[PDB]
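Derivation of every value follows stated rules applied to the coordinates shown; laboratory data play no part. Note that we place each Cβ from the backbone using ideal geometry, even for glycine, and neighbour counts take in every protein chain shown.
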Amino acid sequence: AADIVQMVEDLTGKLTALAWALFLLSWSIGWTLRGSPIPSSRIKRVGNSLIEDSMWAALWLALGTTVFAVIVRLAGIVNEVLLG
Amino acid sequence: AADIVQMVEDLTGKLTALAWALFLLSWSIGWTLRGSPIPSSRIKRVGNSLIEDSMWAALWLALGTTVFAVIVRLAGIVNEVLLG
Amino acid sequence: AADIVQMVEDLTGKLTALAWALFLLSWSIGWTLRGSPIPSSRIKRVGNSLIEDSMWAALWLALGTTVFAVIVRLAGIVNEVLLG
Ligand SMILES: CC(C)CCC[C@@H](C)CCC[C@H](C)CCC[C@@H](C)CCC[C@@H](C)CCOC[C@@H](COP(=O)(O)O)OC[C@@H](C)CCC[C@H](C)CCC[C@H](C)CCC[C@@H](C)CCCC(C)C
Ligand SMILES: CC(C)CCC[C@@H](C)CCC[C@H](C)CCC[C@@H](C)CCC[C@@H](C)CCOC[C@@H](COP(=O)(O)O)OC[C@@H](C)CCC[C@H](C)CCC[C@H](C)CCC[C@@H](C)CCCC(C)C
Ligand SMILES: CC(C)CCC[C@@H](C)CCC[C@H](C)CCC[C@H](C)CCC[C@@H](C)CO[C@@H](COCC[C@H](C)CCC[C@@H](C)CCC[C@@H](C)CCC[C@@H](C)CCCC(C)C)COP(=O)(O)O
Ligand SMILES: CC(C)CCC[C@@H](C)CCC[C@H](C)CCC[C@H](C)CCC[C@@H](C)CO[C@@H](COCC[C@H](C)CCC[C@@H](C)CCC[C@@H](C)CCC[C@@H](C)CCCC(C)C)COP(=O)(O)O
Ligand SMILES: CC(C)CCC[C@@H](C)CCC[C@H](C)CCC[C@H](C)CCC[C@@H](C)CO[C@@H](COCC[C@H](C)CCC[C@@H](C)CCC[C@@H](C)CCC[C@@H](C)CCCC(C)C)COP(=O)(O)O
Ligand SMILES: CC(C)CCC[C@@H](C)CCC[C@H](C)CCC[C@H](C)CCC[C@@H](C)CO[C@@H](COCC[C@H](C)CCC[C@@H](C)CCC[C@@H](C)CCC[C@@H](C)CCCC(C)C)COP(=O)(O)O
C-alpha cells in the first residue's frame, strides 16, 4: 500500500542522481567535440545540440519537481471556480 | 451496502497516491533520456512523449475529480430543461 | 545504485583530462597554420577558427562544472517564488 510508493520514490531518487552525473558527462562530451582539431561543421553542430539539451534538461528536472505542485494548485483553482 | 463504497474509495485513494509517484518517475525518466549523451532522435521523441503524457495526466486526474460533479450538474440542467 | 554513478564520474574525469590535452593540441595546430610560409587566406581563417574555439571551450568546461550548481540554485529560487 505504502511500501510500493516508498520503493517508487527510492527508484526516482537513484535515477535523479544518475541523471545529474549523465548531464555533466554530456556537457563534457559536447565541449570536447567543439574544441577538437577536427574542422568539420556537423560535429560542431552535434556538440552544440548536446550542450544545449544538457542545460535544458538540467534546468527542467527540479523545475518539474515543482511543476507537479503547480498543476495541483491549478486543479484546485479550476475546481473552486467551476463549483463555487 | 456502504462498506463496499468505503473500500472502493480507499482503493481509489491508494491508487491516486501511487499515480502521483509514477507520474514524477515518468517525468524524471523522460528528462533523463532527453539529456543523455546518445545523439539518437527516436529516444528524444520517446522522452518528449513521456514528459508530455505525464503532465497531461497529472493535470487531468484532479480535474476529473471535478468533472464528475460537472457532469452531474449538466444532467440536472438537461432534466430541468426537458421536463419544465 | 551508486557504483554506476561512480563509474560515470570516472569516465567524465578521464574525458576531461583527454580534453585538456586535445585543446592544447588544437591551439598548437592553429598557431602553426597561422605562421607557416603558405600565403593563402583560407588556411589563416581555419587557424583562427581553431584557436578561437580552443580558447572558448577551454574556458567553458570548468565554467559548466559551476553552471550546473548555478542552475540548481535557480531552480530552488523559482520553486520558492511560485510556492511561497
Ligand atoms: C518500470 C515500471 C513499470 C515500474 C517501476 C517501479 C516498480 C519498482 C514498482 C512496480 C509497480 C507495480 C508493477 C504496479 C503496482 C501494483 C498496483 C496493482 C497497486 C494497486 C493499488 C494497491 C496499492 C491497492 C492495495 O490493495 C488493496 C488490498 C488491501 O491491502 P492492505 O490493506 O494494504 O494490506 O485489498 C486486498 C485485495 C483482496 C483486494 C482485491 C481488489 C483488487 C486488488 C483490485 C485491483 C486494483 C487495480 C484494479 C489495479 C490497477 C492498477 C494499474 C492500472 C497500475 C499499474 C501501473 C504499472 C504501469 C506500473
Ligand atoms: C555512452 C553512454 C550511453 C554510457 C556512458 C557511461 C557508461 C559507462 C554507464 C552505462 C549506463 C547504463 C547504460 C544506464 C544505467 C542503468 C539504468 C537502468 C539505471 C536505473 C536506476 C537504477 C540505479 C535503479 C536500481 O534498481 C533498483 C533495484 C535494487 O537495486 P539495489 O538496491 O541497489 O541492490 O531493484 C531491483 C529490481 C528487481 C527492481 C525492478 C524495477 C526496474 C529496475 C525499473 C527500471 C528502471 C528504469 C525504468 C530504467 C530507465 C533508465 C533509463 C531511461 C536511463 C538510461 C540512460 C542511458 C542513455 C545511458
Ligand atoms: C565528417 C567527420 C566525421 C570526418 C572525421 C575524419 C577524422 C576522424 C579523421 C582524422 C584526421 C583526418 C586525417 C583529417 C584529414 C583532413 C583532410 C585535409 C580533409 C579536409 C576536409 C575538407 C572537406 C575541407 O573542408 C573543410 C576545410 O578545412 C580544411 C582543413 C585544413 C585547412 C587542412 C590544413 C591545410 C594544410 C596545411 C594541411 C597540410 C597537409 C598535411 C601536411 C597535413 C596532414 C593531413 C591529414 C593527414 C591531417 C589533417 C589534420 C587537420 C586538422 C588539418 C571545411 O569544410 P566545410 O566546413 O564542411 O565546408
Ligand atoms: C537507436 C538507439 C537506441 C541506439 C543506441 C546505441 C547505444 C545504446 C550504444 C552506446 C554508445 C554507442 C557506442 C554509440 C556509437 C555512436 C556511433 C558513432 C554511431 C553514430 C550514429 C549515426 C547514425 C550518426 O547519426 C547521428 C549523427 O551523430 C553522429 C555521432 C557523433 C557526431 C560522433 C562523434 C564524432 C567523432 C569525433 C567520434 C570519434 C570516434 C571515437 C573516437 C569515439 C567513440 C566511438 C563510440 C564507441 C562512442 C560514441 C559516443 C557518441 C555519444 C559520440 C544522427 O542521426 P539521425 O538524427 O537519425 O539523422
Ligand atoms: C499536454 C498539455 C495538456 C500540458 C498542459 C500543462 C499545463 C496545464 C500546466 C500549467 C503550466 C505548466 C507549469 C507549464 C510548464 C512548462 C514546462 C517548462 C514544460 C515544457 C514542455 C516541454 C515538452 C517543451 O516542449 C515545448 C518547448 O517549449 C518550451 C517551453 C518554454 C520555452 C519554457 C520557457 C523557458 C524558460 C525561460 C522558463 C523559465 C523557468 C521558470 C522560471 C518559469 C516557470 C516554469 C513553469 C512553472 C511555468 C511554465 C510557463 C510556460 C508558458 C513558459 C514544445 O514541445 P513540442 O511542441 O511538443 O515539440
Ligand atoms: C589553398 C591551399 C591549400 C593551397 C596549398 C598549396 C601548397 C600545399 C603547395 C606547397 C607550395 C606551393 C609550391 C606554393 C606555390 C605558390 C604559387 C606561386 C601560387 C601563388 C598563389 C596565387 C593564388 C597568388 O595568391 C596569393 C598571392 O601570393 C603570391 C605568392 C608569392 C608572392 C610568390 C612569390 C613571388 C616570386 C618571387 C616567386 C618566385 C617564383 C619561384 C622562383 C619560387 C618558387 C615557386 C613555388 C614552387 C614555391 C612558392 C613558395 C611561396 C611561399 C612563395 C594571395 O591570394 P588571395 O589571398 O587568395 O587573394
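Entry remark, segment C:1-24: residues being facing chain A (nearest Cβ under 7 Å) and not in a helix (DSSP H, G or I) number 1 in total.
Of all residues in segment A:65-81, those that are closer than 19 Å to C:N79 by Cβ and within 9 Å of chain B (Cβ to nearest Cβ) total 8.
Within segment B:8-19, not a single residue is away from ligand 6 (no atom under 16 Å from the Cβ), out of contact with any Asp or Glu (no Cβ under 6 Å at 6 or more places or on another chain) and closer than 30 Å to A:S49 by Cβ. Among residues of segment A:57-84 that are surrounded by fewer than 13 Cβ atoms within 10 Å (Cβ to Cβ), those with a beta-carbon under 7 Å from a residue that is in a helix (DSSP H, G or I) at least six positions away or on a different chain give the pairs A:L83/B:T66; A:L83/B:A69.
Going through (1) in a helix (DSSP H, G or I); (2) away from ligand 3 (no atom under 16 Å from the Cβ) one by one, A:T32 falls short only on (2). When A:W56 is tested against (1) assigned to a helix (DSSP H, G or I); (2) on the phi > 0 side of the Ramachandran plot, just one condition goes unmet, and that condition is (2).
Is it fair to say A:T32 is within 8 Å of chain C (Cβ to nearest Cβ) and surrounded by fewer than 20 Cβ atoms within 10 Å (Cβ to Cβ)? No: the conditions fail for A:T32.
Given A:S41, A:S49, which one is more than 9 Å from chain C (Cβ to nearest Cβ), within 23 Å of C:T66 (Cβ to Cβ), out of contact with any helix residue (DSSP H, G or I) (no Cβ under 6 Å at 6 or more places or on another chain) and of a type in the set (S, T, N, Q)?
Unique residue meeting the criteria: A:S49.
How many residues does segment A:15-30 hold that are within 16 Å of ligand 1 (Cβ to nearest atom) and either in contact (Cβ under 8 Å) with a residue 24 or more places away in the chain or among the charged types (D, E, K, R) (or both)? So the answer is 2. Answer yes or no as to whether B:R42 is exposed (fewer than 13 other Cβ atoms within 10 Å of the Cβ) and within 29 Å of C:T12 (Cβ to Cβ). Yes.
Evaluated against (1) within 22 Å of the chain's Cα centre (by Cα); (2) in contact (Cβ under 8 Å) with a residue 12 or more places away in the chain, A:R34 falls short on exactly one condition, (1). Restricting attention to segment A:31-84, and to residues there that are of a type in the set (D, E) and closer than 30 Å to C:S49 by Cα, which single residue is nearest to ligand 1 (Cβ to nearest atom)? That would be A:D53.
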